[PDB]
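data05.pdb, holding PDB, C-alpha atoms:
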```
ATOM      1  CA  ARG A 114     -18.290  -1.390   6.046
ATOM      2  CA  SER A 115     -16.985   2.145   5.605
ATOM      3  CA  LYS A 116     -17.169   4.214   2.443
ATOM      4  CA  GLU A 117     -13.552   5.111   1.460
ATOM      5  CA  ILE A 118     -10.742   2.753   2.763
ATOM      6  CA  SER A 119      -8.179   5.592   2.875
ATOM      7  CA  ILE A 120      -5.012   3.838   1.959
ATOM      8  CA  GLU A 121      -1.634   5.187   3.109
ATOM      9  CA  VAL A 122       1.469   6.128   1.095
ATOM     10  CA  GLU A 123       3.222   2.853   1.866
ATOM     11  CA  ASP A 124       0.248   0.862   0.440
ATOM     12  CA  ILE A 125       1.278   2.109  -3.053
ATOM     13  CA  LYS A 126       3.401  -0.798  -4.025
ATOM     14  CA  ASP A 127       5.209   0.660  -7.056
ATOM     15  CA  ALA A 128       5.943   4.032  -5.573
ATOM     16  CA  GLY A 129       9.619   4.993  -5.500
ATOM     17  CA  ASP A 130      11.566   6.075  -2.419
ATOM     18  CA  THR A 131      11.741   9.767  -3.429
ATOM     19  CA  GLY A 132       8.183   9.527  -4.745
ATOM     20  CA  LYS A 133       6.837   8.438  -1.347
ATOM     21  CA  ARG A 134       8.844  11.145   0.433
ATOM     22  CA  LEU A 135       7.320  13.770  -1.874
ATOM     23  CA  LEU A 136       3.774  12.447  -1.464
ATOM     24  CA  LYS A 137       4.127  12.759   2.325
ATOM     25  CA  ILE A 138       5.592  16.245   2.243
ATOM     26  CA  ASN A 139       3.403  19.156   3.316
ATOM     27  CA  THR A 140       5.098  22.294   1.992
ATOM     28  CA  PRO A 141       7.123  23.508  -1.007
ATOM     29  CA  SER A 142      10.193  23.994   1.210
ATOM     30  CA  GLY A 143       9.969  20.367   2.251
ATOM     31  CA  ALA A 144       9.716  19.341  -1.380
ATOM     32  CA  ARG A 145      12.787  21.371  -2.308
ATOM     33  CA  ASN A 146      14.753  19.727   0.520
ATOM     34  CA  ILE A 147      13.949  16.317  -0.995
ATOM     35  CA  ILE A 148      14.569  17.192  -4.665
ATOM     36  CA  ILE A 149      17.666  19.423  -4.627
ATOM     37  CA  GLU A 150      20.807  17.672  -3.417
ATOM     38  CA  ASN A 151      23.386  20.351  -4.250
ATOM     39  CA  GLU A 152      23.412  22.607  -1.204
ATOM     40  CA  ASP A 153      24.504  25.686  -3.165
ATOM     41  CA  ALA A 154      21.769  25.239  -5.756
ATOM     42  CA  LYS A 155      19.221  24.638  -2.954
ATOM     43  CA  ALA A 156      20.362  27.850  -1.291
ATOM     44  CA  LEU A 157      19.837  29.831  -4.534
ATOM     45  CA  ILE A 158      16.359  28.372  -5.032
ATOM     46  CA  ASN A 159      15.501  29.193  -1.391
ATOM     47  CA  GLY A 160      16.730  32.784  -1.987
ATOM     48  CA  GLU A 161      19.117  32.402   0.998
ATOM     49  CA  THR A 162      22.810  32.274   0.115
ATOM     50  CA  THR A 163      25.932  32.653   2.238
ATOM     51  CA  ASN A 164      29.171  34.042   0.815
ATOM     52  CA  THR A 165      30.353  30.393   0.467
ATOM     53  CA  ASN A 166      27.159  29.464  -1.409
ATOM     54  CA  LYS A 167      27.681  32.505  -3.690
ATOM     55  CA  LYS A 168      31.305  31.546  -4.454
ATOM     56  CA  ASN A 169      30.271  27.978  -5.169
TER
ATOM     57  CA  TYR B  58     -29.187 -12.249   2.600
ATOM     58  CA  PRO B  59     -26.121 -10.202   3.558
ATOM     59  CA  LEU B  60     -23.705 -12.857   4.689
ATOM     60  CA  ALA B  61     -20.810 -11.917   6.897
ATOM     61  CA  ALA B  62     -18.875 -15.038   5.909
ATOM     62  CA  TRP B  63     -18.759 -17.483   2.983
ATOM     63  CA  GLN B  64     -17.668 -21.064   2.334
ATOM     64  CA  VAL B  65     -15.601 -21.148  -0.825
ATOM     65  CA  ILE B  66     -13.619 -23.918  -2.439
ATOM     66  CA  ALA B  67      -9.936 -23.314  -1.927
ATOM     67  CA  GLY B  68      -7.901 -23.049  -5.114
ATOM     68  CA  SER B  69      -4.774 -23.822  -3.113
ATOM     69  CA  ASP B  70      -3.622 -24.225   0.434
ATOM     70  CA  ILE B  71      -4.962 -21.488   2.682
ATOM     71  CA  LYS B  72      -3.797 -20.571   6.143
ATOM     72  CA  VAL B  73      -5.803 -18.970   8.876
ATOM     73  CA  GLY B  74      -5.880 -15.209   8.447
ATOM     74  CA  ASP B  75      -4.829 -15.248   4.799
ATOM     75  CA  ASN B  76      -6.351 -12.605   2.607
ATOM     76  CA  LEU B  77      -8.230 -14.169  -0.248
ATOM     77  CA  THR B  78      -8.980 -13.297  -3.862
ATOM     78  CA  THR B  79     -10.392 -15.005  -6.912
ATOM     79  CA  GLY B  80      -8.404 -17.793  -8.528
ATOM     80  CA  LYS B  81      -8.814 -20.319 -11.292
ATOM     81  CA  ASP B  82     -12.424 -21.298 -11.815
ATOM     82  CA  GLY B  83     -13.569 -18.759  -9.240
ATOM     83  CA  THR B  84     -11.793 -20.553  -6.410
ATOM     84  CA  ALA B  85     -10.402 -18.784  -3.367
ATOM     85  CA  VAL B  86      -6.688 -18.258  -3.333
ATOM     86  CA  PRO B  87      -4.197 -16.407  -1.118
ATOM     87  CA  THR B  88      -3.190 -12.909  -2.091
ATOM     88  CA  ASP B  89      -1.193  -9.990  -0.886
ATOM     89  CA  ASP B  90      -2.298  -7.088  -3.071
ATOM     90  CA  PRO B  91      -5.208  -5.008  -1.593
ATOM     91  CA  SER B  92      -7.732  -4.556  -4.396
ATOM     92  CA  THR B  93      -7.841  -8.244  -5.064
ATOM     93  CA  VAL B  94      -8.792  -8.901  -1.451
ATOM     94  CA  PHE B  95     -12.433  -9.660  -0.867
ATOM     95  CA  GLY B  96     -12.163 -11.691   2.320
ATOM     96  CA  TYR B  97      -9.984 -13.162   5.061
ATOM     97  CA  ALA B  98     -10.078 -16.869   5.917
ATOM     98  CA  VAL B  99     -10.858 -17.974   9.479
ATOM     99  CA  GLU B 100      -9.713 -21.577   9.069
ATOM    100  CA  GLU B 101      -7.042 -23.564   7.308
ATOM    101  CA  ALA B 102      -8.010 -25.382   4.154
ATOM    102  CA  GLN B 103      -6.295 -27.537   1.610
ATOM    103  CA  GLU B 104      -6.765 -27.233  -2.109
ATOM    104  CA  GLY B 105     -10.250 -28.478  -2.980
ATOM    105  CA  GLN B 106     -11.657 -27.967   0.519
ATOM    106  CA  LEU B 107     -14.078 -25.288   1.543
ATOM    107  CA  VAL B 108     -12.677 -22.441   3.499
ATOM    108  CA  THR B 109     -14.827 -20.187   5.624
ATOM    109  CA  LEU B 110     -13.762 -16.570   6.142
ATOM    110  CA  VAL B 111     -15.290 -13.157   6.874
ATOM    111  CA  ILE B 112     -15.885 -10.770   3.975
ATOM    112  CA  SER B 113     -14.645  -7.283   4.841
TER
END
```

Please render this file's structure as structure tokens.
Amino acid sequence: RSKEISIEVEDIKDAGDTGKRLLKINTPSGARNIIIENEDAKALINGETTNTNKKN
Amino acid sequence: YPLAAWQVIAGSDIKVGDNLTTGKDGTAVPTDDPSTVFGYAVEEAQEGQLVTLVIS
């Protein structure tokens, strides 16, 4: 009868929507895409800014 | 004597396939929250009747 019963993210009944997205994410870039909504701030944190991002 | 299925007095009305957990007085009652699940019923039973279901 198995040994571990590896649950999945959606089995965690009091996890939040952003919380489940973060738990599923594999890389730091993916996490930043979830967490940072302001596109100019995200661009700064990614070290990749256009002239429009810089002005903003 | 490792039993694959038990006969437990229903603490309520139980439908076929319902996941069961402990209830008042140690009776078997329907649940929905994995952790409390110890077995799944294989037959319908009314409160006070035995219900037979596989462990797992």

Please write the residues picked by the PyMOL selection byres ((chain B and resi 109) around 10) on this file as a list in words.
->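 That expression, the PyMOL selection byres ((chain B and resi 109) around 10), corresponds here to residues 62, 63, 64, 65, 66, 67, 73, 96, 97, 98, 99, 100, 101, 102, 106, 107, 108, 110, 111 and 112 of chain B.
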
Restricted to C-alpha atoms, what would the selected residues look like written as a PDB file, in the coordinates of the input?
```
ATOM      1  CA  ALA B  62     -18.875 -15.038   5.909  1.00  0.00           C
ATOM      2  CA  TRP B  63     -18.759 -17.483   2.983  1.00  0.00           C
ATOM      3  CA  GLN B  64     -17.668 -21.064   2.334  1.00  0.00           C
ATOM      4  CA  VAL B  65     -15.601 -21.148  -0.825  1.00  0.00           C
ATOM      5  CA  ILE B  66     -13.619 -23.918  -2.439  1.00  0.00           C
ATOM      6  CA  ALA B  67      -9.936 -23.314  -1.927  1.00  0.00           C
ATOM      7  CA  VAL B  73      -5.803 -18.970   8.876  1.00  0.00           C
ATOM      8  CA  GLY B  96     -12.163 -11.691   2.320  1.00  0.00           C
ATOM      9  CA  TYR B  97      -9.984 -13.162   5.061  1.00  0.00           C
ATOM     10  CA  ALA B  98     -10.078 -16.869   5.917  1.00  0.00           C
ATOM     11  CA  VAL B  99     -10.858 -17.974   9.479  1.00  0.00           C
ATOM     12  CA  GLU B 100      -9.713 -21.577   9.069  1.00  0.00           C
ATOM     13  CA  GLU B 101      -7.042 -23.564   7.308  1.00  0.00           C
ATOM     14  CA  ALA B 102      -8.010 -25.382   4.154  1.00  0.00           C
ATOM     15  CA  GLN B 106     -11.657 -27.967   0.519  1.00  0.00           C
ATOM     16  CA  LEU B 107     -14.078 -25.288   1.543  1.00  0.00           C
ATOM     17  CA  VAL B 108     -12.677 -22.441   3.499  1.00  0.00           C
ATOM     18  CA  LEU B 110     -13.762 -16.570   6.142  1.00  0.00           C
ATOM     19  CA  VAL B 111     -15.290 -13.157   6.874  1.00  0.00           C
ATOM     20  CA  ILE B 112     -15.885 -10.770   3.975  1.00  0.00           C
TER      21      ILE B 112
END
```

Do you have the CA of residue 165 in chain A-CA of residue 146 in chain A distance handy?
->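 Calculated distance between CA of residue 165 in chain A and CA of residue 146 in chain A is 18.9 Å.
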
Result set of the PyMOL selection byres ((chain A) within 9 of (chain B)) on the coordinates above, as a PyMOL selection string = chain A and resi 114+124+126

Pick out the closest residue to residue 136 in chain A from this set: A:121, A:150, A:115, A:155. Count all atoms listed in the file.
->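 Looking at the shortest contact to residue 136 in chain A, the residue is A:121.
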
Near residue 133 in chain A, within 10 Å and counting all atoms listed in the file, which residues show up once chain neighbours fewer than 6 positions away are dropped, as a PyMOL selection string?
-> chain A and resi 122-123+125+127

Residues of the last selection are to be written out with C-alpha atoms, as a JSON list (two decimals), in the coordinates of the input.
```json
[["chain", "number", "residue", "atom", "x", "y", "z"],
["A", 122, "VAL", "CA", 1.47, 6.13, 1.10],
["A", 123, "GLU", "CA", 3.22, 2.85, 1.87],
["A", 125, "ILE", "CA", 1.28, 2.11, -3.05],
["A", 127, "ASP", "CA", 5.21, 0.66, -7.06]]
```

Leaving out residue 163 in chain A and any residue of its chain fewer than 5 positions from it, which residues lie within 9 Å of it when counting only C-alpha atoms, given as number ranges by chain?
-> A: 153, 156, 168

Final N, CA and C atoms of range 71-98 of chain B as a compact mmCIF listing (two decimals), keeping the file's coordinate frame:
```txt
# COMPACT_ATOMS: atom_id res chain seq x y z
N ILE B 71 -4.68 -22.75 2.03
CA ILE B 71 -4.96 -21.49 2.68
C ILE B 71 -4.76 -21.56 4.17
N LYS B 72 -4.02 -20.61 4.71
CA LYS B 72 -3.80 -20.57 6.14
C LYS B 72 -4.76 -19.63 6.82
N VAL B 73 -4.89 -19.78 8.12
CA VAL B 73 -5.80 -18.97 8.88
C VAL B 73 -5.33 -17.54 8.86
N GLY B 74 -6.21 -16.62 8.49
CA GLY B 74 -5.88 -15.21 8.45
C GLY B 74 -5.43 -14.74 7.07
N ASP B 75 -5.25 -15.66 6.13
CA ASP B 75 -4.83 -15.25 4.80
C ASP B 75 -5.88 -14.45 4.07
N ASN B 76 -5.44 -13.39 3.41
CA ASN B 76 -6.35 -12.60 2.61
C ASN B 76 -6.61 -13.36 1.33
N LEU B 77 -7.86 -13.40 0.92
CA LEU B 77 -8.23 -14.17 -0.25
C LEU B 77 -8.78 -13.34 -1.39
N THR B 78 -8.52 -13.86 -2.60
CA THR B 78 -8.98 -13.30 -3.86
C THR B 78 -9.45 -14.38 -4.80
N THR B 79 -9.95 -13.99 -5.97
CA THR B 79 -10.39 -15.00 -6.91
C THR B 79 -9.22 -15.72 -7.56
N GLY B 80 -9.42 -16.98 -7.88
CA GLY B 80 -8.40 -17.79 -8.53
C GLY B 80 -8.98 -18.48 -9.74
N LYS B 81 -8.34 -19.57 -10.15
CA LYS B 81 -8.81 -20.32 -11.29
C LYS B 81 -10.17 -20.89 -10.97
N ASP B 82 -11.06 -20.83 -11.95
CA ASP B 82 -12.42 -21.30 -11.82
C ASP B 82 -13.23 -20.61 -10.73
N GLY B 83 -12.82 -19.42 -10.29
CA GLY B 83 -13.57 -18.76 -9.24
C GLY B 83 -13.24 -19.33 -7.86
N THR B 84 -12.14 -20.03 -7.72
CA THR B 84 -11.79 -20.55 -6.41
C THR B 84 -11.11 -19.50 -5.56
N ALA B 85 -11.02 -19.75 -4.26
CA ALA B 85 -10.40 -18.78 -3.37
C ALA B 85 -8.93 -19.06 -3.21
N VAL B 86 -8.11 -18.06 -3.49
CA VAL B 86 -6.69 -18.26 -3.33
C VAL B 86 -6.08 -17.13 -2.54
N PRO B 87 -4.96 -17.37 -1.88
CA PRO B 87 -4.20 -16.41 -1.12
C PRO B 87 -3.71 -15.27 -1.99
N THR B 88 -3.71 -14.08 -1.42
CA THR B 88 -3.19 -12.91 -2.09
C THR B 88 -2.44 -12.04 -1.13
N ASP B 89 -1.97 -10.93 -1.65
CA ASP B 89 -1.19 -9.99 -0.89
C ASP B 89 -1.34 -8.57 -1.41
N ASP B 90 -2.15 -8.39 -2.45
CA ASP B 90 -2.30 -7.09 -3.07
C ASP B 90 -3.71 -6.52 -2.94
N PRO B 91 -3.97 -5.72 -1.88
CA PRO B 91 -5.21 -5.01 -1.59
C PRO B 91 -5.77 -4.45 -2.87
N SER B 92 -6.98 -4.87 -3.18
CA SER B 92 -7.73 -4.56 -4.40
C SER B 92 -8.30 -5.87 -4.85
N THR B 93 -7.46 -6.89 -4.73
CA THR B 93 -7.84 -8.24 -5.06
C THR B 93 -8.47 -8.92 -3.86
N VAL B 94 -8.28 -8.33 -2.68
CA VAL B 94 -8.79 -8.90 -1.45
C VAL B 94 -10.28 -8.70 -1.30
N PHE B 95 -11.01 -9.79 -1.10
CA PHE B 95 -12.43 -9.66 -0.87
C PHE B 95 -12.79 -10.22 0.49
N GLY B 96 -11.92 -11.07 1.03
CA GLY B 96 -12.16 -11.69 2.32
C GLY B 96 -10.95 -12.30 2.99
N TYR B 97 -11.06 -12.55 4.29
CA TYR B 97 -9.98 -13.16 5.06
C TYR B 97 -10.47 -14.48 5.65
N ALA B 98 -9.72 -15.55 5.42
CA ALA B 98 -10.08 -16.87 5.92
C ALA B 98 -9.95 -16.99 7.43
```
